[PDB]
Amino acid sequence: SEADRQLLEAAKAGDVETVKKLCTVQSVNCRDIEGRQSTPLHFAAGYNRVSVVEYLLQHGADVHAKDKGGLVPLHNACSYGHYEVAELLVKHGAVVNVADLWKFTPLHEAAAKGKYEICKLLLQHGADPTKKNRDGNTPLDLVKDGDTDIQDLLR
């Protein structure tokens, strides 16, 4: 519907005032049907819209909602290096060892994308560096050659 479509666009743009205007109990966890079924929190998280992320969480956004590929907003935060966002989600109860349809964890995302401090954050909250995805790869397996500091951290 149009209202949900606009909410999603606002959460993506970081347009707080429009979020405040369209976020109802009915719509706060709506899903983008045309894409990979992201929720407003997925978008706010993936696009590093901290205020929107805070607002949505405070107004009942589901920190554990999986999209079409089985991603939770923490995946989005971790893959794109949004540290504060990652911290917000974790502090609000996000499961760190959560796994998508391919058994990728946020730690797989953060490791493959070369985000050290995010990897560290995940490890401090008990992320398992030994978890394998569908390809039989640990997050360590996914680390670029240059990122020896991340290899060391995961090891």
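Throughout, we count residues from 1 along the sequence that is shown. By rigid core we mean the largest C-alpha set that fits within 1.5 Å across both forms.
A fit on the rigid core, followed by a root mean square over CA positions in 8 other deposited structures of this protein, ranks 141 to 149 against 10 to 18 and picks 141 to 149 as the more shifted one. Of the two segments, 106 to 114 and 39 to 47, the one listed with the higher mean B-factor is 106 to 114 (C-alpha atoms only). Mean C-alpha B-factor is higher over 124 to 132 than over the other stretch, the pair under comparison being 124 to 132 and 62 to 70.
Residues shown: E54, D100, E87, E34. Highest C-alpha temperature factor in the entry: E34.
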